[PDB]
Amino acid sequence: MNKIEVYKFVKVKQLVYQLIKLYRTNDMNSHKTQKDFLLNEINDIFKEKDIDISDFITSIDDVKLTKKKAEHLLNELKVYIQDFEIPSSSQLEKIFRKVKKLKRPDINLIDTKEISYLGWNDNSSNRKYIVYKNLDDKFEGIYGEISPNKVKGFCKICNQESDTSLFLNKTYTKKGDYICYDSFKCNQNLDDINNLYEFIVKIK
């Protein structure tokens, strides 16, 4: 309501580092239009949700900004992040109703302001489970086979280069693609939940 999704925070962060790239070019005269662009993208992410960010905007509009100063201010923003809600045991069991033996994720390994989706591996069946909220704000889930033999490439969820493996959904006729073996690393890269929805749609 007065907070933002984890994936929007990843985007805000990506925009702040882009500002630093511009500042690294010692010629803000040529890059003024880009600067105002970046600043307005960050602000709009908060305007949508009625959060006052005219403050952080002022703070970051400074050619002498660097990583450290940015990170502190960004960490101060973490307070506005809508945490990922992890389903109860019965909700999880219902999502994966057909799975008789369901390995649960380790809640100690999970920071809920750092995930847009919950992805965890069951190495004993070479499986990955993925849980998320859909467009109607309700839980969905999928699982599939993922080989532990990783190959470097573009993850088809977050679109970045990572240690990836082929995730095969049942849908046999198998549908799938290469994704981050480690979904927690993926979630640090994922700047648009739509990317996950489009992956799901194409393999489901």
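For every residue, the number given is its place in the sequence shown, counted from 1.
According to the record, the deposited sequence contains 4 to 9 residues between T171 and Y172 that were left without coordinates. Taking the mean C-alpha B-factor of each stretch as recorded, 65-73 and 174-182 are not equal, and the higher mean is that of 65-73. The PDB entry reports B-factors from which the mean C-alpha value can be compared for 145-153 and 49-57; the larger average falls on 49-57. Of the candidates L118, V79, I95, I107, the one whose C-alpha carries the top B factor in the deposited record is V79. The entry lists C-alpha B-factors for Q34, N159, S165, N26, and the highest of these is at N26. Among the modelled residues of its chain, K100 has a C-alpha B-factor that falls in the highest third, as given in the PDB entry. Ranked by Cα temperature factor within the chain, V16 sits in the middle third according to the deposited record.
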